[PDB]
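Structure record follows, encoded as structure tokens.
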Amino acid sequence: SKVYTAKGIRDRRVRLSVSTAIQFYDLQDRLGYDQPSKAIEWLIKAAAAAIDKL
Amino acid sequence: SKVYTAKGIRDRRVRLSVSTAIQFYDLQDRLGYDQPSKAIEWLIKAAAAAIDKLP
């Protein structure tokens with residue numbers, strides 16, 4: 005249930021707010037991914053331009 | 005930890021893969037947020053252009 009990160013040990017489970025969970029699951033359905041983790045990974049990839057710009 | 009949706013009940017807890025967790029927490033750290041949910045909120049706004057292409 006845990007993972008090493010550069011800033012220390014963290015939980016693999018993250019708790020979404022009600023409002024964010026509603027939006028996230030709507031997106032997971034639209035993307036068609038079976039595992040919610042893959043929709044999170046997709047978001048990280050799709051946000052690359054904003055992430056690059058800090 | 006349950007959320008109700010038009011499609012039924014879902015869990016507010018999401019289990020990340022090891023690799024996705026490492027990437028996600030690096031982003032959360034770069035953003036400076038202390039709640040993971042706010043980083044996901046940020047991502048949905050930051051990915052808006054791609055989401056809008058989903059047919």
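Here the protein sequences line up with chains A and B, keeping their order.
Using PDB author numbering, count along the first sequence one by one with no gaps and you end on 58.
Using PDB author numbering, count along the second sequence one by one with no gaps and you end on 59.
By construction, the Cβ of each residue, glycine as well, lies at the ideal position given by its N, Cα and C atoms.
For residue i, the nearest candidate out of the options (CA to CA)
i	options	result
residue 55/B	10/A, 35/A, 54/A and 26/A	35/A
residue 63/A	48/B, 21/B and 26/B	Because chain A spans 5 through 58 in this model, residue 63/A falls outside it and cannot be assessed.
residue 9/B	38/A, 52/A, 27/A and 13/A	27/A
Beta-carbon proximity check, residue i vs residue j, cutoff 7 Å
i	j	result
residue 32/B	residue 50/B	no
residue 62/A	residue 16/A	There is no way to answer for residue 62/A, as the model of chain A reaches only from 5 to 58.
residue 18/B	residue 18/A	yes
Nearest-angstrom Cα separation, counted from residue j out to residue i
i	j	result
residue 57/B	residue 40/B	26 Å
residue 20/B	residue 30/A	18 Å
residue 37/B	residue 45/B	11 Å
residue 12/A	residue 52/A	24 Å
residue 14/B	residue 14/A	23 Å
Where the beta strand (DSSP E) containing residue i begins and where it ends
i	result
residue 42/A	Careful: residue 42/A lies outside any beta strand (DSSP E), inside the alpha helix (DSSP H) at 40-50.
residue 15/A	12-15
residue 6/A	6-9
Residue span of the alpha helix (DSSP H) that contains residue i, given as start and end
i	result
residue 29/A	22-35
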